[PDB]
Structures are given as C-alpha cells and as structure tokens.
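> Provided hereafter are the protein sequence and its experimental coordinates.
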Amino acid sequence: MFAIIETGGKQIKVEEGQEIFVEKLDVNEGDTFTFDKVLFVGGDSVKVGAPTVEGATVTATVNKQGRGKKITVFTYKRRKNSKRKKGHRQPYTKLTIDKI
Amino acid sequence: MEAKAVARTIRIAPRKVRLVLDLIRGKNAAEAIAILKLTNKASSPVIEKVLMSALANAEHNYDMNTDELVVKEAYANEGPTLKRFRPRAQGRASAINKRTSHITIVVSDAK
Amino acid sequence: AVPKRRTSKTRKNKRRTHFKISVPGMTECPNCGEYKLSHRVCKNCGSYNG
Amino acid sequence: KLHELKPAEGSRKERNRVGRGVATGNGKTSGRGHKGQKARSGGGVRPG
Amino acid sequence: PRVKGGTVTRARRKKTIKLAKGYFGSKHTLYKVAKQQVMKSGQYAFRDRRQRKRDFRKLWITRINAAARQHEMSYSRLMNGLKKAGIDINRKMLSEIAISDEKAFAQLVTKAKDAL
Amino acid sequence: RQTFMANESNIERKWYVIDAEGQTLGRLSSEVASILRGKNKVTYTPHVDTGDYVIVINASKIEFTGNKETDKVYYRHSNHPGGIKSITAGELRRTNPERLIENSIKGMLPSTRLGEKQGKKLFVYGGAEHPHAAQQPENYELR
RNA sequence: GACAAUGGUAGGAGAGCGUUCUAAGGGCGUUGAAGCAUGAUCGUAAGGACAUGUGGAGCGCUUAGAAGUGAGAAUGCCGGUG
RNA sequence: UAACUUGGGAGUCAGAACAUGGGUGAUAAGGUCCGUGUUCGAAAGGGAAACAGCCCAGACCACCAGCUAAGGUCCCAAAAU
RNA sequence: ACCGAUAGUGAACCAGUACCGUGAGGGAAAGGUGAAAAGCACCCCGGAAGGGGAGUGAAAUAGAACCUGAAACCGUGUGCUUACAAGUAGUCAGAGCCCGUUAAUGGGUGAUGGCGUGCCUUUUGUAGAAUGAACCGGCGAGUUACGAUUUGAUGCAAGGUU
C-alpha cells in the first residue's frame, strides 16, 4: 500500500522506505516529521477518500536539509542594450517515509 | 618496443605528403617500402628515406628484428612557411606560401 | 563569381572524400624476389620473361 | 595608525565613468542622447 | 601609472568558450559565435522552464482522459464528478493511480459516477 | 519527479481490424488515427509510439455525404512546369480505394520522423479478406 | 513578524566587482612565485578559491591613496592564420 | 493618495496603427492634416495559421501544484463526435 | 605612487638605416639558452638537411628557428552516435550505450517529442534582400590646468583666511 501526502502546495505518492525531496521545512536534520494532510491511503485492500482521510498521519525522518544546484537566469532584449543575469539555488529537505 | 624517425622542414606542402602517407600507414615494413618505391608522387623518396631511417634505428639503437616491424604511425605536421610574391597585372602583386612539413614515422614490432 | 560565404571544415572535409590515390597495383617478380609493377619489367636486377 | 585610516563619513565619493559598459547606463552615447549638435565632441552653443 | 590589461580579457573569454561545449562546429571554438549562442540558450531556458509546467499538465490530462474512457466516462464528466464529491487529488497523482492501480481508479470512477 | 515514461521494452502492441463498410470517410479516419497515435492507452508517452496496428477491410464501401463523388477533387503536382493532375473522389474510389482511405487517414498524422513510423502500421484492403491472419487481429468497433 | 512593491529604451539616483602603482601592518616562496592547462567548487552579478600537471622566481591579504582602469562591432591599426 | 515651491541633472522637437468627430481627396489609398481614447515606441505571455500597433493580460526567482480571461472541445492539437 | 619591447625616443638593435621618390622629403621591423659554452667526443640511417642514441648540464619539448608558450589554424588515435532525411543549429522532456568526481538529487553521447527567423547600428517599424565584422591576439574613445555655481565633509565664527 501507498499514500498521497500534500506538503509544499503539491501532492506526493509515498511508499514505506522511499526517499523524497520536498520543499524546505523547519525541522532539523536527524529529527522526525509527521504529515497531516493525507488524500488517499492504501492500494492493497483499503481505499479511502478526501478532502482528507481523517487520520493516517505518515511518519518520516529528516534525512538532509540542503540546496539544489545553481541555475543561472539570464535574459536579454535584442537591439535595446538591456540584459540581466541572476543565479538561483532552491533549498530543499530530503526525508524517508518510515511508516504510513 | 617502438622506434621513430623524423624529417624536419622538408620542403613539400603538408597536404601533398599526407596523400601518400595514408597508403603506407598500417602496412608491413617491406610492403610499405615497395609501395613508396613504385609510386609516381614527388614526396615518395623523402618518405622512403625517413622510413628506412626508422627501420635502421631499430636494428642498432634498440636491438630488434626488422622482418617483423609494422608502420605503427606515420604523419606530417606543418612547419614554417616561406612568403614569396608574384607580380600580376596593373601593378598588383599576389602572395605565395611555400609550405614545409615535418614527417614522422614510428615502426613497432607489435610488442 | 566570388563565394558568397565561408566554407566550414565539415563541407571541405566531405568534399575531399574522394580526393586520394590508390595502391600502385604491384606483383612480386619470380626472379628478382622483389616487388614490381604488373606488365612492366623488374626495376630491380632482372627482366620480364613474359 | 597608518594601516587603519578612515575618512569622515560622507566625505568621499566615487567619480562617475561614462563609456564603460551598458550596466552603468552611461556606456553608449555617454548620457549625451542621440545625434545632434549637443551630442558632438566639441560642444553645443555659446551660453545665453 | 600605465595598466597593460593582461590576463583579464582571456579569463572572461574562456569562461564562455567552456560554457558552450558540445555546440556544433565554430559555436564551441570561437568567442563571438559562442557568446551569441550562450545568450540565446539562456533566454531559451528561461522560456522552457515555464513551458514545461504546461507540457506536463497536458500529458496528465491525456492519460486520465484515456483511462476514463475505459469506464465509459469522458474526462470532463469525470472531473466534474470528482469536484462535486469533494475529492481533491491533483492530475499528477490521478494519472499515477490510473497506471499503477486500476482497482483504485475503479473506486474513484465509482464515486465520481455516484456524485453525478 | 514522478511521471512514468514508456520505454520500448514496456510497449505491447495489439492488432485490430475494422470494417469500412457503411461508414463515412472522415468519421472513420479520425478514429483510426486516434488508434494509431495510441491516445487510447493510459501508458501514452509523446516521444515514442505506443499505438496499435490496424487492418481496414471492405474499403470499397466507404461513402461520402452529399455531392462529393464529383466535387472533392484531389490535385497533385509533378514538379515540372504545368503539370497539376487531378482525380475526383468518385473515380478514385472505384479505381484505387485503398489509396483514398490511406491518404485520408495519413493526413491526420503529424509529419515528423515518428509521424511516418506511426502511419505505416495501417493496412487497407478493398475486400473482406486480408493476409495478416498470423497476427491474431482482434475486431474493433468504431464509436 | 505582518502588509505591500519589484517590464522597460533615452536618461537620473545608489551600492558594488576586478586591473596596474604607492604608504603602513601582517604573510607566502627553489620543500617551488606569477603565468598557463584541466576539473564534476563557491557567491544574487561583476567575480573568489582549492587540487593536479607545467614553469622557474617572484607574489598575495587588510585599511587607505592615485589612475594611461575593464573592448565583439569604428569599409578601426599591427601581427598571425584560414 | 497625491499636489505645490526652491535648487542640482538630464533626454525629447522624424512618430505609427486601430476605434470615433471633422477638413482635403473621388464619402480613393497602409494617403494627408487636426480633436478625442488605446496599444506600439519602451512590453514579454495567451488568441488572431504566420503577423510592431487588433482581442485578453502587465514577467522579482524556483516548482513534474490549483482556478480562470480572450479563444475553444472529430484528428493534426489540451478539453463535448 | 614615469614606460617596460604593439609601450618608452622614429631608433634598448650597428636607424634616420632596408628602402621609396628626379627631387625637396617620408620610414620601419628586429630583445631574452645556461650560473659557467661546459655549444653534443664517439656510434648508426642519409649524398647533405635532418634524426636516434650516448654524453655536458639541476633541466636538451634549454641544442643557437634557444625563458614561458596561449588562441585562430593543421593533424594522428580513439568512447557514444549518424546513409527516408527539410536543420539560426540551441533549449526543455527522454530511452539506450560508455564511465566514476572538488561526492552530489554525478560526467560523456543523444534514438525520438515540444518550443524556437543571429549580434550591433539606425529607425514609425528590420529575421530582414538596410549598415558593419573572415577568424584569432595585442592596441584603441568624457581627461588635466585655470575660473564659476550647487551639494556632502571639516575648522573657526561677526568674523573667515593669506
């Protein structure tokens, strides 16, 4: 069985023992997290519904908390002598689904 | 082992020597010698002397048998050109590049 | 006319595909032992014997 | 201490350098606008 | 004092010639063609980072429309029924269930048929 | 992040057979094209073909509504100056109907390297019998 | 911590990176300086490091000062090479 | 939520199409000259096949999340045979 | 708080010289082995040039076409891919095959799908068949003196200062 959790303005399909990379959370490396919003559990014998299966809090652990790799945002306008360059690294946290 | 021999600032354009170096690259040694002997091209004797030099270094400089060697490498690099002129019509004058070349040959016994 | 535009070293290297020479078309003389051109005389010490 | 000097705050400024890049906004035309008599090395009109 | 401008121009012209490698021919060797190509590449990446999010929603919409016709619904009727039932799974998750659990897409389609 | 992408190893293609008797040209063609592009499969990946093979029997029975046997001319140029040949859609059916259906259906497939490899899975015969019995072609009903 | 704002030419305002030289302080170097080649590193940008090869003796860091201060385009000058 | 006064610093004085009130032309012109509004100029994104100026709408950066505007839902091509 | 061999004299070199002009007159370009010539005795291929050794040397890709040695350009070998296809040559998604790093959501190649008419200048408006550039490297454009005015700083203050 799997589950569907809503974390960062997105849904995610999680199974036990899977490593996920979600948006930044305020939990610290080594701790454990608990996802409340769960839209669909099961996939072996029990199905459920929504907007929220009242109960069924997935339990994970905070594996790492880091930053993606830099993407350079460069754009220009032809013949107008206007250009611009930025650089970006989006932070993330990596978790591991312990138990659904 | 490999033996090698070079001939520097041969006075022939490099892309005229690369035409006949491509016929003997890979062949045996006594076959490449006859190929260089029986070809019409003007750069045949020069490559033949460089090949015989690399075949002679093997007998004496590093002892090995000359009936087993194969031409492992043979190439021609550029060298310093010469800048001459040719006076054409109406006062003009056009350039002339006298190219040179560096012919290298490496013979190996496959070991 | 003049070339409208420069030639890549891809187009040049393609067009020099068939620009080459061939192996002299030679046999081995059965008197000199050495190599020779077929239908020509043995340039080494020897003759034709055709 | 000659290895630790600081001017009074607000006493020094960077001069401005035209003709060096488009990020500055003064690199091309050097703040002189497009073609005219006021855009020519030399200058404009007598004052007044 | 005179400044001879040495070692500064090459270091910034070489950062671009290596930021364009793989490019066909002179576009990875020369500076004035590699620079224009890298500028165009930056603008293209900017545009494609935003077209990607629409391409993938079209892909999900096609798979969920192909999965719903096997239960005799349209895609629009299935989505209307799911909205009314109050189920809020996104198209990305709905396509994944449709592929890896048909016994769960059956449940979703039954609820969306009963919601009218 | 989590979108399944079809690969050549995963693809399992089936064979269908459709009856083009008593049907309209364009209405049959659009559905056969949707079957050939593989938009009828939940595992549909845009970059690689997941479509099925189709066999269209009885091509001589497709019909046109209205005065289409004399109108609906088909034009084609030969690239030589002046040569623009034509054939009405009524003389093409009685002569070579299997080209009629083939061109109709292939005008609805994208013109890309993959839009040809997807369009060469269509086998059109005018007449009830087809050689491809060794492929076990299921019998598909248009809707 | 809450709320908003952030397209842009000409051009106006602000904050900055880097180059050569000088003063004062604190350092590195034949156990290998600068330069130069490669790399899968860091910074919001200009740009900053580190490792390896080479090379063969000089060179950075901090705080201030002064400028022959940063170039893809002028049918630009000179040299080389297609 | 602006406005005005005083001072330092500029650029601008070749405009364009569309809708509407007019002159001129032949109730011709992608014509020309004026009043009024929009957009382009200096504006990317979606639609109009393509397409400065037309319709919708103003990009701080990232996301393999959702709702809509003009316009659309047989296939090319997302959504009603 | 002058230049450092495209700079500084036109000239760091046997330069106002090769040269070029009937003449008056115009005018370049050319630096660097090593601490010490110790500047390769001798053997081998070749007619010689040129090598390959072996020796000098701390170093010979230091061998007089001598410090370093880069880019365009010219080659040799190879890992992945390419002969039914309409290409501003990339970007986004993505199998397969080959590797293994500044260890991190790794590097190389790219079957196939979507989107996509270079840069600068000048314009109401240019993908434009309007202009400029063959490519690479070096050089190259708002500055200094003396006055005026406004702003920031600092010292004194009915006084301020040569």
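Perfect, I can see it now. Numbering: from 1, shown residues only, chains lettered A, B, ... in the order given.
> where does the spatially most distant residue from the centre of chain E land in three-state SS?
No residue in chain E sits farther from the centre than residue E:1, which is 54.8 Å out by Cα atoms, centre = their mean. Here residue E:1 is recorded as coil under DSSP: H, G, I helix; E, B strand; the rest coil.
> list the contacts for it?
Residues near residue E:1 by Cβ atoms under 8 Å, 6 or more residues apart in numbering or on different chains: none. From N, CA and C alone the C-beta is placed, and that goes for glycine too.
> Could you report the separation of it from RNA strand I?
Residue E:1 is 3 Å from RNA strand I, where distance means Cβ to the nearest atom of the strand, to the nearest Å.
> Same question for residue F:35.
18 Å.
> mind checking which helix or strand that residue is in?
helix F:25-37 (DSSP states H and E).
> Give me the contact list for that helix.
Everything outside helix F:25-37 that qualifies as a contact, by Cβ under 8 Å, 6+ apart, is F:16, F:18, F:20, F:40, F:51-52, F:54, F:56, F:62-64, F:100-101, F:104-105, F:108-109, F:118-119, F:121-122, F:140, F:142-143.
> rerun at 6 Å
Helix F:25-37 has contacts (Cβ atoms under 6 Å, 6 or more residues apart in numbering or on different chains) with F:20, F:51, F:54, F:62, F:104, F:105, F:108, F:118, F:142.
> Who does the spatially closest residue to residue F:121 that is not a sequence neighbour form a beta bridge with?
Of all residues not flanking residue F:121 in the chain, residue F:53 sits nearest, at 4.6 Å (Cβ to Cβ, 6 or more residues apart in numbering or on different chains). Counting by DSSP bridges, residue F:53 is bridged to residue F:15.
> backbone phi and psi for residue E:15, please?
phi -70, psi -20 (degrees, to the nearest 10).
> measure the residue of chain A found nearest chain D to residue B:7 for me?
Of all residues in chain A, residue A:81 sits closest to chain D, with a separation of 4.8 Å (Cβ to the nearest Cβ). Taking Cβ to Cβ, to the nearest Å as the measure, residue A:81 falls 56 Å from residue B:7.
> Those two - which one has more neighbours?
Shown here are residue A:81 and residue B:7; by other Cβ atoms under 10 Å in any protein chain shown, residue B:7 has more neighbours (17 against 12).
> contacting residues around the nearest residue to residue B:55 once chain neighbours are set aside?
Spatial nearest neighbour of residue B:55, excluding adjacent residues (Cβ to Cβ, 6+ apart): residue B:66 at 5.7 Å. Listed by Cβ under 6 Å, 6+ apart, the contact set of residue B:66 reads B:55, B:58, B:59.
> switch the cut-off to 8 Å
Counted by Cβ under 8 Å, 6+ apart, residue B:66 has contacts B:29, B:55, B:58, B:59.
> same question, residue F:119
Residues in contact with residue F:119, defined by Cβ under 8 Å, 6+ apart, are F:36, F:105, F:106, F:109.
> how would you label the residue of chain A found nearest chain E: helix, strand or coil?
The nearest approach of chain A to chain E comes at residue A:74, 3.3 Å away (Cβ to the nearest Cβ). Assigned by three-state DSSP, the conformation of residue A:74 is strand.
> what's the answer for residue A:26, then?
coil.
> give me the number of residues near it?
Neighbours around residue A:26, by other Cβ under 10 Å: 8.
> Just list the residues touching the closest residue to RNA strand G within chain A, thanks.
Residue of chain A nearest RNA strand G, by Cβ to the nearest atom of the strand: residue A:87 (2.8 Å). By Cβ under 8 Å, 6+ apart, residue A:87 lies in contact with A:70, A:71, A:72, A:73.
> Just grab the bridge partners of it for me.
residue A:72.
> what helix or strand does the closest residue to chain F within chain B sit in?
With Cβ to the nearest Cβ, the shortest gap between chain B and chain F falls at residue B:22, namely 36.4 Å. Per DSSP H and E, residue B:22 falls inside helix B:14-24.
> Residue C:22 - how many residues pack around it?
When neighbours are defined as other Cβ under 10 Å, residue C:22 has 7 of them.
> Please identify the nearest residue in space to it, excluding sequence neighbours.
Nearest non-adjacent residue to residue C:22 (Cβ to Cβ, 6+ apart): residue B:23, at 8.0 Å.
> Next, the residue minimising distance to the centre of chain E: secondary structure please.
Centrality entry for chain E: nearest residue to the mean C-alpha point is residue E:52, 2.6 Å, by Cα atoms, centre = their mean. Assigned by three-state DSSP, the conformation of residue E:52 is helix.
> Check the gap between the most centrally placed residue in chain C and residue B:40 for me.
Nearest to the geometric centre of chain C sits residue C:22, at 3.4 Å (Cα atoms, centre = their mean). Between residue C:22 and residue B:40 the computed distance is 11 Å (Cβ to Cβ).
> what's the answer for residue E:30, then?
According to Cβ to Cβ, residue E:30 and residue B:40 sit 40 Å apart.
> which of those two has more neighbours?
Neighbours were counted for residue E:30 and for residue B:40 using other Cβ under 10 Å; residue E:30 has more, 12 against 8.
> Secondary structure element for the residue in chain D positioned nearest to chain F, which one?
When scored by Cβ to the nearest Cβ, chain D has residue D:23 as its residue closest to chain F, at 36.9 Å. Under the criterion DSSP H and E, no helix or strand holds residue D:23.
> still on that earlier bit, does RNA strand H sit close to the helix holding residue F:35?
Yes - using Cβ under 7 Å from any atom of the strand, we find that helix F:25-37 touches RNA strand H at F:26, F:27, F:30, F:31, F:33, F:34, F:37.
> Of all the residues in that helix, which ones are buried?
Across helix F:25-37, burial judged by 16 or more other Cβ atoms under 10 Å in any protein chain shown covers F:25, F:28, F:29, F:31, F:32, F:33, F:35, F:36, F:37.
> where's that helix relative to the chain centroid, distance-wise?
Relative to the centre of its chain, helix F:25-37 is centred 6 Å away, using Cα atoms, centre = their mean, to the nearest Å.
> returning to that earlier point: please report how far the residue of chain A closest to RNA strand G lies from residue F:42.
If you go by Cβ to Cβ, the gap between residue A:87 and residue F:42 works out to 40 Å.
> What of residue B:29?
67 Å.
> before we move on, what about residue F:93?
Distance from residue F:93 to residue F:42, counting by Cβ to Cβ: 37 Å.
> what about residue E:14, how many residues close to it?
11.
> Could you give the number of residues near the residue of chain C found nearest chain A?
At 22.6 Å from chain A, residue C:5 is the closest residue in chain C, using Cβ to the nearest Cβ. Neighbourhood size, residue C:5 [other Cβ under 10 Å]: 6.
> Equivalent analysis for residue B:102, please.
Residue B:102 has 16 neighbours, counted by other Cβ under 10 Å.
> Show me what it is bridged to.
residue B:77.
> Correct me if wrong: it contacts residue B:12.
No - using Cβ atoms under 8 Å, residue B:102 makes no contact with residue B:12, being 10.9 Å away.
> Report the secondary structure state of the closest residue in space to residue B:27 that isn't next to it in sequence.
Take residue B:27 and drop its neighbours on the chain: the residue closest to it by Cβ to Cβ, 6+ apart is residue B:71, 6.1 Å away. The three-state label given to residue B:71 by three-state DSSP is strand.
> Distance of residue B:71 relative to chain C?
14 Å (Cβ to the nearest Cβ, to the nearest Å).
> residue of chain B with the smallest distance to RNA strand H?
residue B:92 (39.9 Å).
> can you list the residues of chain F near chain E?
F:2, F:3, F:4, F:39, F:40, F:41, F:42, F:43, F:44, F:46 (Cβ under 8 Å from any Cβ of the partner chain).
> Can you tell me the centre-most residue of the chain?
Here I'm looking at chain A. residue A:22 (2.2 Å).
> could you do chain F instead?
residue F:105 (3.8 Å).
> The helix or strand it falls within and RNA strand H in contact?
Here residue F:105 is covered by helix F:97-106, with elements defined by DSSP H and E. No - using Cβ under 7 Å from any atom of the strand, helix F:97-106 stays clear of RNA strand H, coming no nearer than 8.7 Å.
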